[PDB]
Amino acid sequence: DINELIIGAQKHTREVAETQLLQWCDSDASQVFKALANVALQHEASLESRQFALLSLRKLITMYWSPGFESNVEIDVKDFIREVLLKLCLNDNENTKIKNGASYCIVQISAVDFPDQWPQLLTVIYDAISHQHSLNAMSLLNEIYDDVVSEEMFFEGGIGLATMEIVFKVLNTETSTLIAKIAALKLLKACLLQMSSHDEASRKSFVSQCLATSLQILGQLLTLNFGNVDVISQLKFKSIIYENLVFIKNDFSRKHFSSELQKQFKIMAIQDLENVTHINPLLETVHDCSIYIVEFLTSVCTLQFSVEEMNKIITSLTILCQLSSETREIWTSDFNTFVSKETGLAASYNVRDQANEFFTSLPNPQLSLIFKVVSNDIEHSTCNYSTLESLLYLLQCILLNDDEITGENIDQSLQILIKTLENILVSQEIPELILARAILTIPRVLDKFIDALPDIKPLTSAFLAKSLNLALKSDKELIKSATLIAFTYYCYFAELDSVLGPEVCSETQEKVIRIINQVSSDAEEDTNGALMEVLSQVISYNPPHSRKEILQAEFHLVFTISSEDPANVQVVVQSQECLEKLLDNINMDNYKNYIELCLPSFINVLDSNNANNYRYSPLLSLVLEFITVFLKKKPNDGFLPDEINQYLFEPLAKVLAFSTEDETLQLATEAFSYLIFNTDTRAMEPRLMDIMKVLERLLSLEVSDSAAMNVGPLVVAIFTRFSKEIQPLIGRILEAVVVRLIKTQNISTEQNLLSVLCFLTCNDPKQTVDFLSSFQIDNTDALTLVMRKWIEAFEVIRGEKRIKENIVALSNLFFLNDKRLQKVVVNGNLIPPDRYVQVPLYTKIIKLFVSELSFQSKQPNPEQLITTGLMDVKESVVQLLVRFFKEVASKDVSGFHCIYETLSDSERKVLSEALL
C-alpha cells in the first residue's frame, strides 16, 4: 500500500495520491504517521522516498499534531515518531538529507510540544553533543535555540550555562575539527544574542564570566595557523570569530571589553585583513569574511592606528573594494544597476558598503591622517587602472565623514589631489567606471574642503561645466547618470544661481534637462525616481524673468516619467513637488498658459482609464493628485478661469459616475467639489442637473460607506454657488441623504451623513421636517426613524465641531415648535428582548443639552496640549447652550415650561446656575 502509494506522489499521477492520501490521515491519522515514519526509519529505501517521506511527514505534522494554527493522532505513536526522528537526526553517519528532513520535523514538533510534551528534548540533544560526539546535534541545537530556548530557560533553566560549557569545551580542544569549531562558534553567537536581550541581578555574574571566557578563547582561536588544508572553512572560521567579537564589543558595556583587549584584536584583525587579501566559488567567501574583519575595526575605530597599520588597512581595502569583473559587466551592461547602487537603493551589502561604514566612523585624529595615506596612494597610482577606481571610492568614503579634515600639509595634498581629478576628465582614454567615480567624487572634495579653497567659486563652475560637457557628448548612459547624480551633489553645498552666472545657471538648466531626456528613454525603476529628484532641483533654479520653453520641457519630463513609474514611491513624491514648484506663486496670465500646457495630458490619463472602469490605477491616482495640485494653485485673488471647468468637468464627473474604488472616488470627489466651489456661477449654471446625478450616485449603494462620507463638501459647494437655483432640488438632496442614512449601521458613517443633514436642516428647518414627515420608508414615516437615529448618534458623538453643528441643527428643530416633531418619541431608560421608556423628542433634546452643559462648564483639566464638520460656528459649546436656554426660558419656546417642570432638581440646578 503506502510505499507505492506515494511512488506516484513523489503529473496527473501525483495528485491521484496527494489528495488521495490526505484523505487517509483525516480518517485514521495515528497509523498513517506510523506508516510514514516507518518508511523513513527503513534504510531499505530510495533516499528519495525516505526524504520525501520525512518532508511529506514534515508538512503533515503541523496539522494533526496539536493545534497549532491549521489543523487526531494518538499519544504513543508520537513518542514513537519523536524517537524515530531523534534516531535519524542525531546520527552523523546518516544521509545529510535524512538528517535535515528529520531535523525539520523535530524543529516543528518542538515549537508546539516543547515545554511539557517533550521534556527531555534538550537533555537528549546535550547528551548527543557531549557524549555521542554528534556534530549534527550542535546544528539542531542551533536551529532550535531562537524559537524554543526562552529567556527564562536560558538563565534560570540552566540551558544557557549548559550550552556555554559545551561551546567552550569544543573550542578549548585541539582535536575538535574546525568544522566543529564553526558549529560551536555559531552556538556562541546564539548565546550572545540571548544574553543581549538582558537585567536581573543573579544573571550578571554569569554574563560577565561568559564574556570574559569568550574573549580569551577567541583570542587563542585567532592564533591558530592551519595549512592550505581547507581555506573556505578557514575563512568561515575567522569570519564567525570576528562576528562574535563585533557583537561583544557592540552590545555589552566596556567593562566587558577592555581597551587593551581591543588593541590586541585590532592588531590580529589588521593582520587577518592582510592574510585574507593576499590569498585572493571562493571570492565571496573571502569578501564576506573581510566584511566582518572590517566591521570589527569599525567597532574599535576610536583607537589610534600606527601610521603603518593604516597603510596596511588602505592597501587591503584597495584590493577588497576593487570591482569584480562580474559587477563591472553588470554595471556597463545595464546602467540602471549602477544607479541603483550609487543612490543607496540597492539591496546589496558588500565590502565597499562596509568600508564606507569604517571611514565615516573615524574620529578626527585618524580620519585626517588616512586622508593623505589614501591621497598619496592615489598619486602613486594615476596610471594603474586596476586599483584607481577603488582608491577613489575609498577617498569618497573618507570625504563622507561629516567631520573636517585638517593637518600639517593638507593644502599641499589637496592642490595635488584637485590636480589629478581634472586630469581624469580631460584624459581621453579613461575607463568608463573610473571616469564616473571621479565625476561623483569631485563634488565631495569641493564640499569637504570648501573652507580651504579660495578659488572655490570658479573651481566648482568649471568642474561642473566640464562634467555636463562630457556627459552630453558621451554615448554612455552610465556616465550621463553619474553626472546627473553628481549634479545633485553640487547643489547640496553650492547655491548655483549665485556661484554661476544667471546666464550660465540658466544654461546648465538646459544642459541637465537634455541629459535627463537622454537617460529617460532607457531608465528603470530606481533611476526614474532619481531623474525626478534631479528635475525638481532644476525646477528650483527656475527664474520672475520668464522663459517659455524650459518650463514646457520640465513639465513634459515630469509627466512622461510619472507615466513610466507611477507606483514608484520617489516618482510619486518628487513629481508632486515638481508640480508644486512650477505653479508656485504664479499669476493669472501664466495660469492661462499652464492650462493648455498641463490639463490635456491629465485628461488623456482619465480618458484612458475608463477602459479599465476607473478601477485602481496608480497613474489615475497620481493624475488626480496632479489635478488637485493644479486647482489649488490658482491665485488667491480670483476664480478658476472658465477653461478649467470645461476641460475638467465631464472627465471628473465620469470618474465619479463609474468608479467604485475608494481612493479614486475620494481624490476625484475633492477635485470636483473644489472645481464647483471655485468657478463662476454662470459658468457652472448648466451643469447643476449633472452635479446632482453625481451626488445621488455617490450616496447610492453602488459605492461604499467611506465613499458616501466624501459627499459633505460637495453638498456645501452646490449650496454655496447654486443658492438661487438649488431650492427646487433640495428635496432630492434630502431624499438621497436620508435613504442612505437609515440604510447604514456604521456609527461613524452615520455621523458623516448626519453632518450633511445638520447642514440641510439649518438651511431650511421646515422643508426638512415637511419632506421627512411626508417621505415614506418601509411603511412608516421617516420622521420617527431619522430622529431616533439622530438622537442615538448625538449621544456618542466626538469632536467640538461635530457637537456644535448638531447643537445648532437640533436647536433649530426645537424652535420650530412643530406639531409633528413634538409627537415623536425616542428611547430613554433601559427597563428591566430589551425595552425603554419612551421620551418626547423635545424633552430629550433639553435633557441632552443640560447634560452637555453640566459637563462642559465644569471648567478644564489643568494640563493640556496648547497654551471636523461642514458648518462654521464660533461660539463655544457652552455659549451655544446658554444662549439657547436663555431664549427658550425667556419666551416659553415649544412648551418649555412643561418640559422644565418634568426635569429633575439636578438638571434644573444646572439650568439656572448657567443662566445666572
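Computed from the coordinates by the stated procedures, all read-outs in this text should not be read as laboratory data. Cβ atoms come from the backbone with ideal geometry, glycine included; neighbour counts cover every protein chain shown.
Determine the dipole magnitude for the range 1-117: charges of +1 sit on the beta-carbon of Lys and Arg, -1 on that of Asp and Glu, nothing else is charged, the reference point is the Cα centre, and the result goes in debye to the nearest 20.
Numbers: 11 positive and 17 negative charges, 81 e Å.
For this selection, approximately 400 debye.
Sorting check: for 178-191, 337-350, which peptide has the highest mean count of neighbouring beta carbons within 10 Å, and how do the rest follow? Intermediate values should be presented prior to the final figure.
On the way: 178-191: 20.4, 337-350: 16.6.
Top of the packing list down: 178-191, 337-350.
Per-residue HN-Hα couplings for the range 754-766, Karplus 6.51 cos²θ - 1.76 cosθ + 1.60 at θ = phi - 60°, whole Hz, x for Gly and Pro?
3, 4, 4, 5, 3, 4, 7, 5, 4, 5, 6, x, 4
Take the alpha carbon gyration tensor of the range 276-399, find the square roots of its eigenvalues, order them as a ≥ b ≥ c, and report rounded if a/c is under 1.5; if not, report prolate when a/b exceeds b/c, else oblate. Mind dumping the intermediate values first?
On the way: a/c = 1.56, a/b = 1.42, b/c = 1.09.
Prolate.
Let a ≥ b ≥ c be the square roots of the eigenvalues of the Cα gyration tensor of the range 536-679; is it rounded (a/c under 1.5), or, if not, prolate (a/b larger than b/c) or oblate?
Details: a/c = 2.04, a/b = 1.28, b/c = 1.59.
Note, shape of the range 536-679 comes out oblate.
Mind running the shape call on the range 849-894? Use the C-alpha gyration tensor, a ≥ b ≥ c as the square roots of the eigenvalues: rounded below 1.5 for a/c, prolate if a/b tops b/c, oblate otherwise. Numbers along the way, then the final one.
Values: a/c = 2.99, a/b = 1.63, b/c = 1.83.
Oblate shape, in that a/c is at least 1.5 and b/c is the bigger or equal ratio.
Need one number: nm distance between label points at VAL426 and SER546, each 7 Å from Cα along Cα→Cβ, rounded to one decimal.
According to this spin-label approximation, the distance is 4.5 nm.
Rank by packing, highest mean first: peptides 560-568, 422-430, with packing defined as the count of other Cβ atoms within 10 Å averaged across residues. All intermediate terms of the calculation are to be shown ahead of the outcome.
Working: 560-568: 19.0, 422-430: 12.2.
Put in order of decreasing packing, that is 560-568, 422-430.
I'd like the FRET efficiency for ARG788 and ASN590, computed as 1/(1 + (r/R0)^6) with the beta carbon distance as r and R0 of 60 Å, rounded to 0.05. Please list the in-between numbers first.
Numbers: r = 56 Å, r/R0 = 0.93.
For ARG788 and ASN590, the calculated efficiency is 0.60.
With viscosity set to 1.567 mPa s and temperature to 4 °C, compute the Stokes-Einstein D of the chain, Rh being the Kirkwood radius across alpha carbon pairs; µm²/s, no decimals. Can you show the working numbers first?
Numbers: Rh = 35.7 Å.
Translational diffusion coefficient: 36 µm²/s.
For each of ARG740, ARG788, count neighbouring Cβ atoms within 10 Å of the residue's Cβ, then give the residues from fewest to most. Let's see the in-between values first.
Numbers: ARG740 21, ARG788 16.
By the 10 Å Cβ count, ascending: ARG788, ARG740.
Stokes-Einstein diffusion coefficient for the range 1-117 at 4 °C in a medium of 1.567 mPa s, Rh from the Kirkwood formula over Cα pairs: what value in µm²/s?
Numbers: Rh = 14.4 Å.
The diffusion coefficient I find is 90 µm²/s.
How would you rank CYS898, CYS578, going from fewest to most other Cβ atoms within 10 Å of each one's own Cβ?
On the way: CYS898 12, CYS578 26.
Ranked by crowding around the Cβ, least crowded first: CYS898, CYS578.
Taking a 21 Å limit on the Cα-Cα distance, which of the listed pairs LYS457/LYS480; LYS169/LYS249; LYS819/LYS874; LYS592/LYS634; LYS724/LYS766 fall beyond it? Working shown, then result.
Details: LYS457/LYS480 23 Å; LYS169/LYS249 23 Å; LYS819/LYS874 31 Å; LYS592/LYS634 10 Å; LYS724/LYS766 18 Å.
Over 21 Å apart, Cα to Cα: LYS457/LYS480; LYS169/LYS249; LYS819/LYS874.
What is the calculated FRET efficiency for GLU200 to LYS819, with r their C-beta to C-beta distance and R₀ = 60 Å, to the nearest 0.05?
On the way: r = 75 Å, r/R0 = 1.25.
Efficiency, from the Cβ-Cβ distance: 0.20.
Going by how many other Cβ atoms sit within 10 Å of their own, how do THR315, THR13 line up, fewest first? Intermediate values should be presented prior to the final figure.
Working: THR315 18, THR13 10.
Listing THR315, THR13 from fewest to most nearby Cβ atoms yields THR13, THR315.
If R₀ is 56 angstrom, what is the calculated FRET efficiency for the pair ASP607 and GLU495, using the beta carbon separation as r and rounding to 0.05?
Values: r = 42 Å, r/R0 = 0.76.
Efficiency, from the Cβ-Cβ distance: 0.85.
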